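Undergrad: here is the sequence, then the experimental structure:
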Amino acid sequence: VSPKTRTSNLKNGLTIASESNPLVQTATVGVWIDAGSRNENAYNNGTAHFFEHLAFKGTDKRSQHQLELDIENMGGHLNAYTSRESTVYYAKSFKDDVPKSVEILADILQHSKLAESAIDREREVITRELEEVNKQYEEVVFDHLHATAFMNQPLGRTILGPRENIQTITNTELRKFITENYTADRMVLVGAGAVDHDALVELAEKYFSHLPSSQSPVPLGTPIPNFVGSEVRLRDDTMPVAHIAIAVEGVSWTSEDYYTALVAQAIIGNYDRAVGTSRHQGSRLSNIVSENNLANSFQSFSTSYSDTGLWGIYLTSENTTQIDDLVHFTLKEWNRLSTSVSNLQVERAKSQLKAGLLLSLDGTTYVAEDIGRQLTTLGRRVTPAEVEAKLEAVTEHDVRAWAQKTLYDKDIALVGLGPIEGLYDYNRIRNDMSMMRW
Amino acid sequence: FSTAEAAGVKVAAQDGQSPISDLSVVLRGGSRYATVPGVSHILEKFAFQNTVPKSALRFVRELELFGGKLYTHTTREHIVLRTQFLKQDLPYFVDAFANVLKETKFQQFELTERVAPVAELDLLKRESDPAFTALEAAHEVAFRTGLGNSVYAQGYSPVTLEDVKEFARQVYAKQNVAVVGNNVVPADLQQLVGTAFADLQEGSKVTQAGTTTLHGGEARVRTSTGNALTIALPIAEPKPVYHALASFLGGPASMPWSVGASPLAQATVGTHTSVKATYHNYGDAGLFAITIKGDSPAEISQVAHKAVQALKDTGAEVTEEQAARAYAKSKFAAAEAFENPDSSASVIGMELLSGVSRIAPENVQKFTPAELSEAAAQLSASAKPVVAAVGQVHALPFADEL
Amino acid sequence: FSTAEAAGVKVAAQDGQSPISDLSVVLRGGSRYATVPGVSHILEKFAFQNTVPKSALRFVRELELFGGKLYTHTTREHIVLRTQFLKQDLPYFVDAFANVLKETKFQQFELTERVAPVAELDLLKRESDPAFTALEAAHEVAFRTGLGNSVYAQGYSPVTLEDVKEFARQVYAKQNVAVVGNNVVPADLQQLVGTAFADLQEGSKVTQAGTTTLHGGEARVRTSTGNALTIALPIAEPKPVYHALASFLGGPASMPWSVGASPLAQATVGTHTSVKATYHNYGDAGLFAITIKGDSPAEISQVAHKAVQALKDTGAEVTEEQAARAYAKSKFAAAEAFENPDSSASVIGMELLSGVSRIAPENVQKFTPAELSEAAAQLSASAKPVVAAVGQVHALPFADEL
Amino acid sequence: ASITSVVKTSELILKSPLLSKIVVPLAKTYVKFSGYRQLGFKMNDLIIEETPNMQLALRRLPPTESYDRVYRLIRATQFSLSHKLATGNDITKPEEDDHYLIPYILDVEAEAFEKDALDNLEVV
Amino acid sequence: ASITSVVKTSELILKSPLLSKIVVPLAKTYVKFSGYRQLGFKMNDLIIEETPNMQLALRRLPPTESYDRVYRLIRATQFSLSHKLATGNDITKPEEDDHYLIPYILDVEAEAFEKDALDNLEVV
C-alpha cells in the first residue's frame, strides 16, 4: 500500500500534489500544464514547441550560461516535453536541492527572456528537426496517424508545426501563447520521492504566487473531434521493415468505457520477437504471429485525449510477402472481441492489468508523471483501490458491447510506411473489420 | 538492505511502502569468469527455460496471471535475474528462482532455437549504437582476458550446450548466489529462501582464470553503421576520486536543447557529436573512458583532441566551484544508481558476493580541487592509453596522435 | 631490356627467340597513390572495358581470334596490364593499350555490373588465404596511409564513378606510363608506341599524399576461416641485405615431403604450420615480415615464439656456410623474379617510372656473416614491431608476448 | 493417435504383471511377423512424418542420427523397388532397434498439449 | 521495331534540309494531337518495357530518374482511372519532354546487336 497523495491549492488556483517515498534520496519536482499544441491555431502551430526550446535559453536574471551553470551546480537535471494536450517541465535532484530546482523552474516559466536573437538562432535548430524526425519511424507513423484520423482538426496537427510557421514565429506570439495558456488554474506543481508536501506548498507560495488566473476557470482536464476513416501510404522500397498502424476512434480519459478499452487492449497485447518470453504469451494474436513469423513486433495502444482517443495496434514486419496475413489475422483477432470473448480472456486480461497499472510506477519520475497526468486529465489522483474496483467492474459483456460499437464494422485510420506493396487497398483492410460468418 | 543468511545463501532485503516488489538473484557468473567466450550471456538467456517442475511455457503463462515481469542481464561481474511482481506473490517468485537454479533441463533444442537466436538479437541491438561497440572494444584491448572477455555471445566463437552446462554447474551453487529483495519484508524472504534454496549445491566460488593484467593499444572496428571513439585509460589502483572526475568532465547536458557547462560538453560546440566520461570500477582494476560518437569522423577527431586537452587542463588546476559541482553531480549519480533496480541489485550483490561494503549516496566523499587535479594528472600521464575507433576507421584518430 | 623513349613515353623491350610476346603497360597508379581507398583496384578492373573505338565485347572476341590473353594486377606501387600474344600481332596490342589509356568511356553501368562485382570476387578469393589477410593487415598497421592503404576495394568504402574517373585522369598520362615488351623487337615497339601514344595527355607525376611514416602495433582480424599471424618489422632505411636475410631465414621447403633446413622451417617441426619470411622494398621504407599459417592457434603461437628466437639467434651468429646458402637462395629468387612476366614487368617499370636501376640476378651482392647478423640484430631490436593476427584471435599471440 | 497416447498406454500395460506377461510375448511375435527389420528399418523410421509436430521432432534429431535415418530410408527404398530383403548386417538386429525418435516427439507433443490446456485456463 | 532503327531513320531525316522542313512540323503537330503530355507523361514513358533489353535499360537509369518515372506512371494511371486530364504543373511542357531513357536503351541495343554480328563472324 503506497503512501497517500497529498493535494493542496494556492489562492490563484495552482494545485500542489505530492507523494513522498522515504526510501529514496532523489526527488522529482515539476510543473504539469493542461495545455499543449492543440491550443494553437493554424497560424501559430509550432509555438508551444518553440517555447520549450526558448525556456532554456535564458531568463531576466540568469543568462543562458548562468542557467547551465546553476543546474550543473544543483547536481541533477531538468527536462521538458510538449505534447498535443499536455506540457511538462520537471527537475530531478537530490533531496535537499529541491528549493533550488523549484526556483529555477519558476524562473524559466514566468520570467523567460524570449530575446529576438535567440528566437532567430533556434529558428534554424528547429528547422533541422523537421528533417531528422524522418528517422524515428514510430513517430513518423503516429504523426501521420493523427493527421489523417483527425483530418484538418487541431488534434491532427503536428507539435513541431509547418516550416512556414517556424520562420514566422515572433516573441510576441510566444509571449501571447504562454500568457493565455500557462495560467495557475491549468498548472499543477508535482513532487515525488524525497519531498515534504508542506515544504513544497511553501515553495509554491514563494515562487508561483504571482501567476495569472484565467478569466473563466474550468476544472482540470476539460476539453469536437470527428474521426475520418482514411489511409496514408508512405511506400519506401528501400526500407527493410514495414511499419503499419491501424486505429479506430477510441475513448477519452473520462469515458465510462476507459477501463473496458484497456482490458480489450490487453487481450490483444504486445509482442516482440527479441524478447525470450514473447513466444509463450497467451494472446491468440501473439501465437499466430510468432508461429508464422509474421512480424518482428506489435504493440496494442489505447491513447486518450480530453474528448476522444485512438485505439489500435502498431506492427513492424520484415515479412513483406505476408503483410496481408499479418493484417488479416490481426483484424480477425479484433473481430473476436465482438463475437467470441468470454470470461476466459477477460479475467486473464484483468489479472494482468491489476498488476500492470501499479508496476509501471517504479521510480520518482514515473510517480511524478502519474500524479501530473492524472491531475491534469481527471482533476484528481485516483487511488489504486478505486482503480482495482473499476477494473473488477469490467465484465465479458462490457468488452463485447464495447467492441461491437467501437470496432465491429467501423472505419479505421491506417498508416503504412516502408515496403508496403503487399498491404492491400483500404476496402480489403476495412472488410476485415467484420466477419461474414457472424 | 538488511543483509542476512538463509541456508547458506546470502539474502538482502529492504521493506517499503509500495504494492510492487522486486526480487533479484545475483550470480557471480559474469563474463570475467566465463569459461568460454559468451557463456555468461548464454547462461543468462537460459534462465526461465524448461525446468523439471515447470516448462518455460507454463512459467510465462502463469507469470501473466500474476502480471509479473522478468528482466535479465549480464555484466562483467554478474548475471542478474530480476522479477517484478505484487508484494503478496513473493512465494511463487522464490520458488521459480529455486527451480531455475536447481532443475534447469539444458536441452539442445532450447539452445539452438530459443536461447542462441535471442542472444544474437540482443547483441545486434546493442551494437546498433557505435559507442557501445567502442567501449566494448576498449575493454578488450585494455584487459585482454577476464575483464577483457566479451560480455556477449558472438558468432565467430560458438557456445555449445556442454560449455553452458559446465558453467551452470559452477555458477548455480550456494557460493555464487545472492538474493536481493526490494520492497520485500526481510524476515519473510529469509524464511522462503531458507526452504527453497536448501538443496542447492554448495559448490565453490567461481574465480577469474588468471590475474588482471593491463595493456595499452588500439582497436579499429570497421563498421558502416555510425562512428565512435573511446579513449580509455586502464587504472591499476581503482580509487573513488575517478567517479568525481568522470562527473566533473561530464559530457551529457543537464538541460534540454543545451550543450552543457562541463569541459567535455564544451568540447562538442559546433559539432553534432556527443561525449560521455565514465569510470568503471572492477575491484582490482578500473577503466576511465571518454566516448565520443557522431556522424562525422572529422568532427569526432576534432572533439577527441579537445577531450584529451580537457583532461590535461584538469590535471593543471580545478576551481573550488568546479570541485563542488563534481561532488554534487557525483552524489546525484550515486543516488539514482541505488534507485534504478538493475544497478541497485548489482551493488548489493557485490556487497554480498564479495565483501565490498556499499558506499551510500549520502556518504560520497567530497574531493578537494587538489585531489581531483592529481587524479586527472595520473590519467593524462598514463603509460597505457587505449583507443578504440569504430566506423570509418581510416578517418578516426590514433593513440599516438592523441 | 633496351630502355628508350617514344613520344614522351618510356619504352623498354628485349628481343628473344620465341613465338610468344608479352606487352605490359606499367602505370604509376598503385594503391600508395590512391586518392580514395580501393580506386587503384577499380581502375585496374576497368581496363579493357568499353572504349570509344572498341567495345569490351568486340575486344574480347578479337583477342580470341588472335588467341591472346590478358592479365591485370594492382600492387602498392603499380597497376600492371599485360597481354600475351604471338610476336606478329604486336601492332594490334599496342593500339589496344592506346585505346584504353586515351578513350575509356567510364560508364556507370560498367562499374555497377561488371567492374565492381569482379573486384569483389578478386578480393574474396585472396582472403580465402588467412596469410594474405595477415600480411595486408600488417602493412596497414605499419604505414597507416600510402603503403598502408588497402590494395583492394572493400565494401565498407565504396568507390564511385567520379572517384575512378578522377584518378584515371591523373594516372592515364605520359608521365605515369611505361611500356615493357618481353620478346618484342625494341625498334619496332618504339615506332608503334610513338604513333599510338602520341596524343595521350602529358599530365603530371602522381605522388603519395603525405610522407611515409612508420608505426608499430597490433591488428586482430576475427575470421572463422583459418588462422595466421604476421610479425612484421617496418624498415626506415631499405637495404639489399634484407633480401639475403629473408632467404636465409627461409621458411618454405626446397624439396617435397620435407621440412627444410632453414631456421624458420625447423621452427615448424611437430606442427602442421607453414612459415615464410619476406622482405618488401618500397623505395623509401621497407617491411620485413614473417607469416605463419596453420589450423591450430596453439601451434601458431608455439611457432611464433620459435620464429622470434630464430631472428635473435641470427643476430648473434651466422656461419660461413649459412651466409653462402643465403647468397645462393637469394640469387635464385632474384633470377626467377626477373623471369616471371608478372614481376619482370614491375621491375623494369620501377626503373623506368621511378628511376631505381634494376639489380641483375648475376650482380646480387654476397653478404658476409657479419653483415647478415647485423641486419638481424637491427630487426630484433626494433622499437616498432607489428603483429597481425587472423582467425581465432583470442588464442593468437600479442606483440608484447613476443 | 499421438505418440504420447501410445507410450502412456504401453506403460500402463508394462506396469501390470499379468498384462505384461500376456502382452509382451505377443508384441515380440507381432514385431517378428511385421518384418520391417528385414528391410533394415528401425521401428521409429516407420512413424508418419508429414505433421508439424513430427517435422519439428525430426529437425531436433542430432545430425548423426539424422544422417543415419536418411540412409536407412534410402536403403529400404532400394530393397522395396528391387523386391529384395536385407541380408547380413543390413538386417536390423533386435538390439539395434532403438527408439531414437521417441524422446524428441514426446517433448514436442508435451509442449503442444500444454499449450492446448493453457489456452483453456480459467482464472479461479 | 528497335529504338536503334527509329533513332537512325530520324537522324537521316533531320540531316536532309528538305525532309526536315516537311517532317519536323508534322511531327510536332502529331505530338500535340497525341495528347500524352496532357496526362503528365514524357514520350519515353510510353515505350514498351516488357523485353529483356528494356528491362536492362530501366535498371541502368539513375535512381532519381527512376523514382520520377515511377511517379509519372502512377500519376498518369490515376488520371486515366478518374477520366481527368492533368492541369497546371502536371502537364508536361515541351521543354520537360526529355529523352531520359533513349541513351540507355541505345547502349543496351548496341551491345546486343554487336553480339549478334560477332556470333556470325567468319575468319577470313
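TA: Received the coordinates, thanks. Numbering: from 1, shown residues only, chains lettered A, B, ... in the order given.

Undergrad: count of neighbours near the closest residue to chain C within chain A?
TA: Across chain A, the shortest distance to chain C (Cβ to the nearest Cβ) belongs to residue A:238, at 15.9 Å. Every C-beta, even on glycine, is put in place using the N, C-alpha and C of the backbone. By other Cβ atoms under 10 Å in any protein chain shown, the residues close to residue A:238 number 7.

Undergrad: for residue A:216, same thing?
TA: 6.

Undergrad: do you know how far it is from residue A:68?
TA: Per Cβ to Cβ, to the nearest Å, residue A:216 is found 39 Å from residue A:68.

Undergrad: from residue A:144, how far off is the residue in chain A positioned nearest to chain D?
TA: At 4.1 Å from chain D, residue A:347 is the closest residue in chain A, using Cβ to the nearest Cβ. Distance of residue A:347 to residue A:144, given as Cβ to Cβ: 37 Å.

Undergrad: what does the stretch 251-400 of chain B put close to chain C?
TA: B:392, B:394, B:398, B:400 (Cβ under 8 Å from any Cβ of the partner chain).

Undergrad: in TSV, list those along with neighbour count and secondary structure.
TA: Below are those laid out as TSV (neighbours: other Cβ atoms under 10 Å in any protein chain shown; DSSP: H, G, I helix; E, B strand; the rest coil):
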residue	neighbour count	secondary structure
B:392	19	coil
B:394	18	helix
B:398	14	coil
B:400	13	helix
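
Undergrad: so which of the residues you listed also contact chain A?
TA: Among these, not one lies near chain A by Cβ under 8 Å from any Cβ.

Undergrad: related to what we said a few turns ago, wait, is the residue of chain A closest to chain C part of a helix?
TA: No - read with DSSP: H, G, I helix; E, B strand; the rest coil, residue A:238 is coil and lies in no helix.

Undergrad: more neighbours: which of residue A:347 and residue A:144?
TA: Just comparing residue A:347 and residue A:144: by other Cβ under 10 Å the higher neighbour count belongs to residue A:144, 22 against 19.

Undergrad: who's in contact with that one?
TA: Counting by Cβ atoms under 8 Å, 6 or more residues apart in numbering or on different chains, residue A:144 makes contact with A:232, A:234, A:415, A:417.

Undergrad: okay, it and residue A:411: tell me how far apart.
TA: According to Cβ to Cβ, residue A:144 and residue A:411 sit 16 Å apart.

Undergrad: and residue B:296, by the same measure?
TA: Taken as Cβ to Cβ, the span from residue B:296 to residue A:411 is 47 Å.

Undergrad: again with residue B:146
TA: 61 Å.

Undergrad: who has more neighbours, the two?
TA: residue B:146 (21 against 15).

Undergrad: check contacts around the more buried one.
TA: Here residue B:146 is in contact with B:32, B:208-210, B:212 (Cβ under 8 Å, 6+ apart).

Undergrad: which PyMOL command selects the buried ones in these?
TA: Selection of buried members from the contacts of residue B:146 for PyMOL, criterion 16 or more other Cβ atoms under 10 Å in any protein chain shown:
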select buried, chain B and resi 32+212
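
Undergrad: between the contacts of residue B:146, which is nearest residue C:135?
TA: Closest approach to residue C:135 among the contacts of residue B:146 (Cβ to Cβ): residue B:210, at 30.9 Å.

Undergrad: do a quick rundown of the strands in chain D.
TA: Using DSSP state E, no strands are found in chain D.

Undergrad: which helix or strand contains residue A:336?
TA: According to DSSP states H and E, residue A:336 maps onto helix A:323-339.

Undergrad: look up the closest residue to the residue of chain B found nearest chain E, ignoring the ones flanking it.
TA: In chain B, the residue that lies nearest chain E is residue B:224 (18.8 Å; Cβ to the nearest Cβ). Closest residue to residue B:224 apart from its sequence neighbours, by Cβ to Cβ, 6 or more residues apart in numbering or on different chains: residue C:156 at 5.4 Å.

Undergrad: I'd guessed the one you found sits against residue B:222; true?
TA: Yes - using Cβ atoms under 8 Å, residue C:156 is in contact with residue B:222, at 5.3 Å.

Undergrad: near chain B at all, the lengthiest helix in chain D?
TA: Longest helix in chain D, counting residues (DSSP state H): helix D:63-82. No - using Cβ under 8 Å from any Cβ, helix D:63-82 stays clear of chain B, with a minimum separation of 10.8 Å.

Undergrad: quick one: buried residues of that helix?
TA: D:65, D:69, D:72, D:76, D:79.

Undergrad: ok, now stretch B:212-231?
TA: For stretch B:212-231, by 16+ other Cβ under 10 Å, it's B:212-221, B:223, B:226-231.

Undergrad: what subset of those is also close to chain C?
TA: Among those, chain C is touched by B:215, B:217-220, B:223 when using Cβ under 8 Å from any Cβ.

Undergrad: how about the residues you listed in JSON lines, adding secondary structure?
TA: Putting these into JSON lines (three-state DSSP) gives the following:
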{"residue": "B:215", "secondary structure": "coil"}
{"residue": "B:217", "secondary structure": "strand"}
{"residue": "B:218", "secondary structure": "strand"}
{"residue": "B:219", "secondary structure": "strand"}
{"residue": "B:220", "secondary structure": "strand"}
{"residue": "B:223", "secondary structure": "coil"}
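
Undergrad: and those as CSV, adding distance to chain A?
TA: Formatted as CSV, these follow (distance: Cβ to the nearest Cβ, whole Å):
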residue, distance to chain A
B:215, 34
B:217, 33
B:218, 31
B:219, 27
B:220, 27
B:223, 17
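
Undergrad: which two among those are spaced furthest apart?
TA: Using Cβ to Cβ, the pair of these lying farthest apart is B:215 and B:223, separated by 23.3 Å.

Undergrad: for chain B, give me its nearest residue in the stretch 201-350 of chain A.
TA: Closest point on the stretch 201-350 of chain A to chain B, by Cβ to the nearest Cβ, is residue A:280, at 3.7 Å.

Undergrad: tell me how far the most centrally placed residue in chain D lies from residue D:27.
TA: Note on chain D: the residue nearest the mean C-alpha position is residue D:44, at 2.8 Å, using Cα atoms, centre = their mean. Per Cβ to Cβ, residue D:44 is found 15 Å from residue D:27.

Undergrad: ditto for residue A:355
TA: Residue A:355 is 53 Å from residue D:27, by Cβ to Cβ.

Undergrad: what do you get for residue D:57?
TA: 23 Å.

Undergrad: tell me which of the two has more neighbours.
TA: Neighbour count, other Cβ under 10 Å: between residue D:57 and residue D:27, residue D:57 has more, with 24 against 13.

Undergrad: so which residues on chain D come close to chain B?
TA: Going by Cβ under 8 Å from any Cβ, the residues of chain D near chain B are D:60, D:62, D:107, D:110-111, D:114-115, D:118, D:121, D:123.

Undergrad: quick check, nearest of those to chain A?
TA: residue D:123 (4.1 Å).

Undergrad: OK, contacts around the closest residue to chain E within the stretch 1-150 of chain A?
TA: Across the stretch 1-150 of chain A, the shortest distance to chain E (Cβ to the nearest Cβ) belongs to residue A:134, at 16.3 Å. Neighbour list for residue A:134: residue A:140 [criterion: Cβ under 8 Å, 6+ apart].

Undergrad: for it, phi and psi?
TA: Phi and psi for residue A:134, reported as degrees, to the nearest 10, are phi -50, psi -20.

Undergrad: mind checking how far it is from residue A:82?
TA: According to Cβ to Cβ, residue A:134 and residue A:82 sit 20 Å apart.

Undergrad: likewise residue A:296?
TA: Applying Cβ to Cβ, the value for residue A:296 to residue A:82 is 30 Å.

Undergrad: what sits against the closest residue to residue A:393 other than its chain neighbours?
TA: Leaving aside its sequence neighbours, residue A:393 sits nearest to residue A:259 (Cβ to Cβ, 6+ apart; 7.2 Å). The neighbourhood of residue A:259, defined by Cβ under 8 Å, 6+ apart, consists of A:390-391, A:393-394.
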